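Quick note, the sequences are listed as chains Z, Y, S, B and R, same order.
Note that the first sequence covers residues 466 to 832 in our numbering.
Note that the second sequence covers residues -18 to 355 in our numbering.
Note that the third sequence covers residues 466 to 832 in our numbering.
Note that the fourth sequence covers residues -18 to 355 in our numbering.
Note that the fifth sequence covers residues 466 to 832 in our numbering.
All C-beta atoms, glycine included, are put in the ideal place defined by N, C-alpha and C.
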Amino acid sequence: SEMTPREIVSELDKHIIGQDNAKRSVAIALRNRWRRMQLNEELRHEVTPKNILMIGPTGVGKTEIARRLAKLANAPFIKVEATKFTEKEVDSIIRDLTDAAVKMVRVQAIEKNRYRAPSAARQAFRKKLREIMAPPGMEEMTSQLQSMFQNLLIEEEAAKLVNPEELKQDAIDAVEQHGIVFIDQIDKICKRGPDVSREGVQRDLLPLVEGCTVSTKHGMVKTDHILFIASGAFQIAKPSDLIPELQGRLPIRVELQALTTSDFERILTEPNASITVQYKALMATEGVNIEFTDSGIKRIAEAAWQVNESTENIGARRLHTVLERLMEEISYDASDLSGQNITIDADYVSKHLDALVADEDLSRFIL
Amino acid sequence: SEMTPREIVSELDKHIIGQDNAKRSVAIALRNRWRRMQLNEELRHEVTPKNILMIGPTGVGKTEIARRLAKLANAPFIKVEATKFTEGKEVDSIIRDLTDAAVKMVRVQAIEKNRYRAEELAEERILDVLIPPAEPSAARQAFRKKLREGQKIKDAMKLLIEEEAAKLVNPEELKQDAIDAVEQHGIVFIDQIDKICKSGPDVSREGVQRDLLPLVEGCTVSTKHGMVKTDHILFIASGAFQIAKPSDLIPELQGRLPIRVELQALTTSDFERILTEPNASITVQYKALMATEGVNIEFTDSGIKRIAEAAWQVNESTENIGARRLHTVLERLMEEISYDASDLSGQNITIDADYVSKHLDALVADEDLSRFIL
Amino acid sequence: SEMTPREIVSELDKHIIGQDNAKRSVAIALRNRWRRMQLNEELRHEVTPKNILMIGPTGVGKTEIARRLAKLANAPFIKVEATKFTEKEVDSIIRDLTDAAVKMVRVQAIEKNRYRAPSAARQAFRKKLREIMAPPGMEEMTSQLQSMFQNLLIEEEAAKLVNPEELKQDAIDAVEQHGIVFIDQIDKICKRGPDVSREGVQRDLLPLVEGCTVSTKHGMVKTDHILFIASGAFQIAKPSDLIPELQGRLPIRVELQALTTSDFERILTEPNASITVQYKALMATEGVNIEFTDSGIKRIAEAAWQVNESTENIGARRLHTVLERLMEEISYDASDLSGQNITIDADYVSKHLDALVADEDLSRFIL
Amino acid sequence: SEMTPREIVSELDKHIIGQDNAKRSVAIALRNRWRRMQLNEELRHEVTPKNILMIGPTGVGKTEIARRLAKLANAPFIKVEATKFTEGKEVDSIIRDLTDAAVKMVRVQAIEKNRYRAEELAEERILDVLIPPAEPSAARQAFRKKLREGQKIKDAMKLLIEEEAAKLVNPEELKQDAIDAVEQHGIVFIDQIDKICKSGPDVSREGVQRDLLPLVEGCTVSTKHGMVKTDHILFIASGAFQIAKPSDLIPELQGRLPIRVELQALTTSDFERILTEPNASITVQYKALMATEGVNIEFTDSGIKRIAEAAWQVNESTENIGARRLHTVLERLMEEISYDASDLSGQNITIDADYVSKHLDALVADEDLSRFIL
Amino acid sequence: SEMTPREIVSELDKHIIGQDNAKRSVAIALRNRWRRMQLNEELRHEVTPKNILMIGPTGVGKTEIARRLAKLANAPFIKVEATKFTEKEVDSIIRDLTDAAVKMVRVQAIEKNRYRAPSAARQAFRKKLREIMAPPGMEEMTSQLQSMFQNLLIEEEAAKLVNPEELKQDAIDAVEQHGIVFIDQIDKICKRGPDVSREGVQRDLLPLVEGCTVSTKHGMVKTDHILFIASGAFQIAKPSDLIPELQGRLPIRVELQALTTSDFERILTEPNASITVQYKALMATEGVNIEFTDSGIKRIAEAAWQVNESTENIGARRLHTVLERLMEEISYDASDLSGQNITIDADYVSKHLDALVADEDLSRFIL
Ligand SMILES: Nc1ncnc2c1ncn2[C@@H]1O[C@H](COP(=O)(O)OP(=O)(O)O)[C@@H](O)[C@H]1O
Ligand SMILES: Nc1ncnc2c1ncn2[C@@H]1O[C@H](COP(=O)(O)OP(=O)(O)O)[C@@H](O)[C@H]1O
Ligand SMILES: Nc1ncnc2c1ncn2[C@@H]1O[C@H](COP(=O)(O)OP(=O)(O)O)[C@@H](O)[C@H]1O
Ligand SMILES: Nc1ncnc2c1ncn2[C@@H]1O[C@H](COP(=O)(O)OP(=O)(O)O)[C@@H](O)[C@H]1O
Ligand SMILES: Nc1ncnc2c1ncn2[C@@H]1O[C@H](COP(=O)(O)OP(=O)(O)O)[C@@H](O)[C@H]1O
């Protein structure tokens, strides 16, 4: 895509609220992709992706930026927990990214084949018509062996139209050129002064960012120009605790601000397909019409902020648990309330929540 | 390649700055490869690669020399962290991953030779349906013109490239080429070898050395692409050796590293050179990148001087990461231009010393913030 | 081979310097091989190889004796570090030995097929003419499955002349009859009083020497008559610390003496293809002629002995690091010095080395 | 085999010296196999092998009895160290490795039967090209004579041995024979079982016993060669039992070892017998080996007496390894003759008591040296 | 089978001596099987097997009851040591049970094909006539791959008569309906207050009893209606120490009494194919006739009880070691004693045993 950095941020504002510095940082990395293609043969090999390190408390949108970014560029995407490797091989990151790129380009290939998939009597009828047991590591291998053994109209036409050798070669080029990976909670593999096992994971991840080659059943993939987005609260450790070889491979740094009560009020409504809009369409399925007052949206955001300050701050994720606890009575009766217009006023919010928010011992369970 | 040792160093000077001793040492190893092939049948077996042990602080260009060296020789290359084997994976995976890189290397390079001939015969194939045969016919050329001018039909040209490139390629000559490329030209870089030197960990630390021993003394490893022998593979080990010393390595390993070299720490003056002198230096990279948006950036000598001073202060204020600090500092300076470069099309921007201090000095002043941002 | 023990030692003297007791011991074991074949059917099963245990400091030639011995008998050979199994199965020793025996008999089969590989116009032109992804353990298995899937003029003729069923059956008989294995640093698996894991390796190695059967993709190999050569400094532990079942399986013992300065002077020159001869041929490739004075060879041996006495004694391996440090200037300028005769006198040795040998702190790095 | 228990002991006396109780105990187990086959369908299932537990110091011939016993019965055999499973490998590998030994055993023995008939039909095949058919013809014999006299042609005789031996062999009768050989005749020796007796290690020690339990109580193990049942396999466990006792074994395991026997320690007199009396004794072995070089060695009775005394002193001076000490002492005495035997062809050497003391007493006197050399 | 609970116990009395409460408990579980089949479609899914937990010292017959029970019902059977999983997957229990069910139904299928497997000259002659190397986990997989590669008159007829698709489908129905599993020494995986690894095994076994599905090369097996019989001394821990999810899945509990001297006297003779009867038939093979006096049988039982009270009580298993120690002289001379009638009187028992039983230090080895 040829979108300029401001055009990228403007699209991210349709989903993510605030955190513009993180939006500006990801826009720079995605714009350098298009900038690299316009360069000559020599510079395209020397220039490498400007990988980003997001820093901030949980639930502030570090992942949603990476998700919407890859969804914006139609790029292959995967999220991985860095701690998973403290105990799987690191090369699986590129494998799973390709398997997602395969299904992505494949279902997209069906889209091109879908729409392809007269006598007066011809139009008349046309109008009326309208076992192999293996350990877990090789379970995917025995799958392919079983599919090889089995080998030895929408389905037959789409198979006739599709080019399987093209879809497999394309997904590699979609990964080598446009791929994106998100390494969540990278701060937890930094040295606490386990430090050998923690820093050992950093060394195992190093070739993926330094440019290496990973074999896959779909083909041979190179990790040279893949973009990476690490994230971590970095409250315990600091980015300087990362190994020097890794710090130099994350040229862009950014800190995401903690969300405020006003941000919660915006997140509930402004973003496209916001959670409040979702239940409004859900209750519309039952014939019920729900409407949230601005005071009702205010106290909901006020309720989530209190739980985060009372016990544990989980970020905007607290909005999900609170909203479902508020609408639980409506969602159950929504079948019997068909044809009725329900209003979520400030009194309705205080009725279903203030008794719960007041008891911190209960808030740790119900919310 | 038949390059003489001075020709190797001069090419390395186009990328690496300074560290001439490490350049001279790697040049001797690569020259011994060509010197060996000229020898008789007996001496070619007895002579073994002169493996090198790089020593110095991190980020001084130890790996870059090995990378540019293998790229100069078009040789298979892989960087392996010696600490990966402390936990576990088998050591033989080094040769396995090296061949996989050599497979993709010889394959993509073989596509470069097939990129040309395939288009000719693919044109001859597609012209057989337009002008079926019963000097080129005049209609054979009249269609050949409209084809090159541009035009399932359009999908068919891509399918013939595969069938012709597969017909032109010799897989037994290709999959066996990567084996010849590994056995004859292969190169391996073993980073942070000093950390496996020497009671509990000393057994597991030195155990990794003995697992690595057959690879340098010569052995044979089985791979899915074939059977590879490691007798003539060149190896480059590196380590800071501040906690331990090369003498702490097992004696069988000290004798397999005949060349030793220490790399000097980079100075502020070297940072200024790294920013500009090397071919496709990072400052040149950002210049051509902003050029893509139609902006012309230019760095003043004092502007370059203050970036190197900025990266040096962070390395001294907190942690010294070598010349890697130049990358984090530069993008932090250019982040405002890189975002606005779309709206700044047609303008000539100048990175002066005042601009560098405006965007950086406030950050370098706070060491608490430098650890997070730089 | 029908070589007598003195004929074996005489050939080993062409490579190894001194250490005659170890040369005499290996000659006895190799001669018993030929002696066993002349015996009747009963005694050939009861007699077992006289395995040897070499004892001495590192770098005194314990391995070179085993290497030249197997190279002298054209026998399959492999070196293994006993500590590798403290963390691979022990049966891999026989597998890798066969894979080396296969490549040995195979390239030797090409030698027999190589030389096999008129009209006046006939002689005239004759004159003008002149993806499957698996864990690391089964990577070799998927190789064979991939080679089976692919199955389902020098190359075509050598394949037409060779007998693949013969080469595979021969390599087994070459292993079962003439095979040799070298177990380096066996002293490190003795009990230090880990002792369970150390002695556990001794128990795992026991069936290989007591006569057992190991399966291999090339075939079923028996370890009855394979010769073994263990080695260890035995400075910490002693051979009596080995398990009793293992001590009885090593009937021959020998101690290799520490090399002296005079031995270094001999090792540099006397052995065939000595290291000094190697660089002389290497510098001859550049058109340069190097010549070492007897005083120059003396001070080189004197230099290596000082480093071994100053910090750590690595045996004759110190000669390699010292010599390359001395010739580093010549090896770099050898291109520009074409047609010149360079002499390595005693002054040249003292110029490039005495400054380094004097500083022990630097000798631990550069040498 | 239908050998009676006394016939078994008498054959074991040809190899093992003394230890008659262990010979009588193993003979009862092997005789019960033949006794079971004579029984009806019901009793053959209910009766199970009388497993034996050998007890005594190392090197007294516990394993040799089990080896000669299985070799006497031509039965599959394997020795497994019980401590191997403390770390890990599965216990079922015992039956897997046993079948692999039984596969090679029945295969090489099947080659012995095919060694004969194949040569006859291979001759009939090669005579068809010399005298193509349109009582043996006179030319059929005239070529058969020149063939047996000796002579691709020479390579062809080897290829027909494979095709005929493969045609003569019945693989379903062979690969299934090794299964019958394991199930009906299989024997397993479990060395040092006393070391897995009984808090931390006691769970892992006794855990191995419970993993071994299904093999003796009866079970079924899957192998690549087939499906094997362990109900009728004989087992022989051994251990010094100085740290622990057989009562320390798990109760389900004590009941599966109905026969118990203690092996006495070997004396100096027994060493003298071991050197000479057993068939193909080591002294006989060195005699026939020096014979190959054309030397005739002869050991005096006092010379044999002083070798046994030499091995005994080392076992008492340092570590007692049993009769294994005889091997290390003997070769150390014969190492000078074994090297010179080529030049000594045609001479009669005599190993007297003076010769034994000349080469050994200096070594036995220094206990510091005996640990390294003997 | 339609056997009533008393008919089951009456058959168990032919092998097991006493312990009637355990015989009554297993009879109830086997009778509920037949009772479930007579129920309607709904109740057959809701009713689940009444699993039993046997409690008592070792060697009192806890396993023989389970063995004879499965042999009585011709059901597939397997015994497993719960401690084996403290270090194999638990799903292997169902796999090995099916492999035993396959061989069971297969050899039973040969029985149906066995009996199927005229001119005067016809009756006359009729009268005169009368390499792939894998780690241990996938060794069974490579077996099937090797058998697939090989694929690509009693034997040919039985193969022609048998229905291989029927034998594989039947063994699953034989497991899903009639299967039985015995988990020995379940008391050792209870918490001692390892407790995580011990109770972790209890959680891994839970789905097998709670009704789950286990894949197998023979087919997909369901563990819903499989009967299970756990056993343990429960001297250290108690059944209440088991996890609550497991206690509810063992509705039947029973304690097996310690065997007395009188029971040993009965076990030696009364059970069908008793050990004394076995040696009588064994010595009959040698032409010898052995006969045990009631006083001889008495002192044998008295001897075994003394060893159990002196050192360690192994239950009725002590009878095996004692009897073989008594008959060792006869079993060796039985060949030379052909045609003789030997009597095992009380004096014969005291002669061969009292010297051994008196020495407790020797009893720990010989007996
Ligand atoms: N700025 C924001 N705008 C809109 N939604 C947000 C924002 N920040 C957080 N959220 C919501 O909260 C959740 C944040 O989770 P996530 O971004 O995965 O955590 P983190 O940011 O710690 O990686 C998302 O489900 C998202 O819908
Ligand atoms: N002499 C040099 N010339 C140019 N760039 C350098 C030099 N030394 C270091 N760099 C830069 O700093 C980084 C050094 O990292 P690397 O060489 O991998 O570390 P090490 O030298 O410790 O192995 C590289 O990204 C490289 O671009
Ligand atoms: N007696 C000798 N004669 C010739 N070269 C020797 C001798 N001893 C050692 N060397 C040299 O030193 C090295 C010895 O290493 P090696 O024999 O593998 O160590 P070790 O003897 O401890 O096993 C060899 O490369 C060999 O060239
Ligand atoms: N009674 C004996 N007769 C002959 N040789 C014996 C005897 N006892 C021991 N040996 C010799 O000593 C060694 C004993 O080792 P082994 O029997 O395996 O040990 P263990 O008896 O402890 O299992 C064998 O090599 C054997 O040749
Ligand atoms: N009541 C009994 N009747 C007959 N034999 C018994 C009885 N109890 C024990 N036995 C014998 O003792 C042994 C008991 O072992 P087992 O039942 O497996 O131990 P546990 O009962 O502890 O599981 C069996 O071999 C059996 O022959």
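For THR64(Y), the neighbours in chain Z by C-beta distance under 7 Å run, in chain order, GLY665 and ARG668. Proximity of chain R to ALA599(Z) at the Cβ level (cut-off 7 Å) is accounted for by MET603 and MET606, in chain order.
A Cβ-Cβ separation of about 5 Å places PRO470(S) in contact with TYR320(B) under the 8 Å criterion. For the region 647 to 660 of chain S, no residue has a beta-carbon sitting nearer than 7 Å to a beta-carbon of chain R. Judged by DSSP secondary structure, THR331(Y) falls within the beta strand (DSSP E) whose first and last residues are 329 to 332.
The C-beta separation of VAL567(Z) from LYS633(Z) comes to about 7 Å, placing the pair in contact by the 8 Å criterion.
Taking 7 Å as the cut-off, one finds at least one heavy atom of ligand 3 near enough to the beta carbon of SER696(S). The beta carbon of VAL41(Y) lies closer than 8 Å to those of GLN0, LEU244, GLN245, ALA246, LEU247, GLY303 and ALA304 in the same chain, with the five residues before and after it left out. No Cβ-Cβ contact shorter than 8 Å links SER74(Y) with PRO600(S).
The beta carbon of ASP652(S) sits no closer than 7 Å to any heavy atom of ligand 3. One Cα belongs to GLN235(Y), the other to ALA623(S), and the distance between them is close to 42 Å.
DSSP places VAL686(S) inside the beta strand (DSSP E), whose first and last residues are 684 to 687.
Straight through space, the alpha carbons of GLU68(B) and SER696(R) are spaced by roughly 27 Å. Taking 7 Å as the cut-off, the C-beta of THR309(B) does not count as close to any heavy atom of ligand 4.
When DSSP reads this structure, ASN754(R) sits in a beta bridge with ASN806(R). Neighbours of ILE520(Z) across chain Y, judged by C-beta separation under 7 Å: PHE353.
For the 8 Å CB-CB criterion, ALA565(Z) and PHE550(Z) do not form a contact. Taking each of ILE831(Z), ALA492(Z) and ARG500(Z) in turn and checking the Cα distance to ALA272(Y), the smallest one comes out for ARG500(Z). For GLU243(B), the neighbours in chain R by C-beta distance under 7 Å run, in chain order, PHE830.
At least one heavy atom of ligand 5 lies closer than 7 Å to the C-beta of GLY483(R). C-alpha of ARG790(S) to C-alpha of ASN516(S): approximately 39 Å in a straight line. Taking a cut-off of 8 Å for Cβ pairs, the region 329 to 341 of chain Y and the region 265 to 280 of chain Y touch, as three or more such pairs fall below it. Between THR(-15)(Y) and chain S, the shortest Cβ-Cβ separation is below 8 Å. Going by DSSP, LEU692(Z) is part of the beta strand (DSSP E) stretching over 692 to 697. Close to chain Y, meaning a Cβ-Cβ distance shorter than 7 Å, are the following residues of the region 670 to 686 of chain Z: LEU671, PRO672, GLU675, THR678, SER680 and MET685.
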